[PDB]
Amino acid sequence: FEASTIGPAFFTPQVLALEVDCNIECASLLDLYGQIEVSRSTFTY
Amino acid sequence: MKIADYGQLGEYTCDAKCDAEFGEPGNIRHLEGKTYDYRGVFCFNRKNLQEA
């Protein structure tokens with residue numbers, strides 16, 4: 001019973017506890033801008 | 001051993017006759033036999049056998 005003649009079902013691979021993630025998120029300029037609070041869909045100044 | 005035959009001995013004869021005849025004696029045979037052998041072989045790969 002050589003591994004090269006039987007089906008894969010007889011061997012279960014080792015499960016590793018790691019994940020790969022190359023995604024990135026650019027730095028934000030948000031805190032530079034001025035902050036305003038409103039409670040309606042329109043405003044005036 | 002084996003007894004192949006018993007043979008024929010003696011017969012009914014006329015009283016007037018003064019002697020008797022020799023028959024054909026039996027036969028015994030010697031026989032012998034033999035014993036036979038059954039054999040085989042199988043092999044494995046260590047890592048595959050250990051990981052299956």
# chains A, B, ... in the order shown; residues from 1 in each chain; ligands from 1
call {"tool": "interface_residues", "arguments": {"of": "chain A", "to": "chain B", "cutoff": "12 Å", "atoms": "only C-alpha atoms", "output": "list in words"}}
result
residues 1, 2, 3, 4, 5, 6, 7, 8, 9, 10, 11, 12, 13 and 14 of chain A
call {"tool": "select_by_dssp", "arguments": {"residues": "chain B", "states": "strand (DSSP E)", "output": "count of residues only"}}
result
13
call {"tool": "atom_distance", "arguments": {"atom1": "CA of residue 7 (chain B)", "atom2": "CA of residue 23 (chain B)"}}
result
7.8 Å
call {"tool": "atom_distance", "arguments": {"atom1": "CA of residue 14 (chain B)", "atom2": "CA of residue 27 (chain B)"}}
result
28.9 Å
call {"tool": "atom_distance", "arguments": {"atom1": "CA of residue 30 (chain A)", "atom2": "CA of residue 45 (chain A)"}}
result
22.1 Å
call {"tool": "residues_around", "arguments": {"residues": "residue 3 (chain B)", "least_positions_apart": "2", "cutoff": "8 Å", "atoms": "only C-alpha atoms", "output": "list in words"}}
result
residues 1, 5, 6, 27, 28 and 29 of chain B
call {"tool": "closest_residue", "arguments": {"among": "B:32, B:50, B:17, B:38", "to": "residue 2 (chain B)", "atoms": "only C-alpha atoms"}}
result
B:32
call {"tool": "select_by_dssp", "arguments": {"residues": "chain B", "states": "alpha helix (DSSP H)", "output": "ChimeraX atom specification"}}
result
/B:46-51
call {"tool": "residues_around", "arguments": {"residues": "region 19-21 of chain B", "least_positions_apart": "3", "cutoff": "9 Å", "atoms": "only C-alpha atoms", "output": "PyMOL selection string"}}
result
chain B and resi 10-11+13
call {"tool": "write_last_selection", "arguments": {"atoms": "C-alpha atoms", "output": "PDB file, in the first residue's frame"}}
result
ATOM      1  CA  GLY B  10      -7.628 -74.200   1.223  1.00  0.00           C
ATOM      2  CA  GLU B  11     -10.519 -75.782  -0.659  1.00  0.00           C
ATOM      3  CA  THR B  13     -11.274 -81.799  -1.855  1.00  0.00           C
TER       4      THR B  13
END
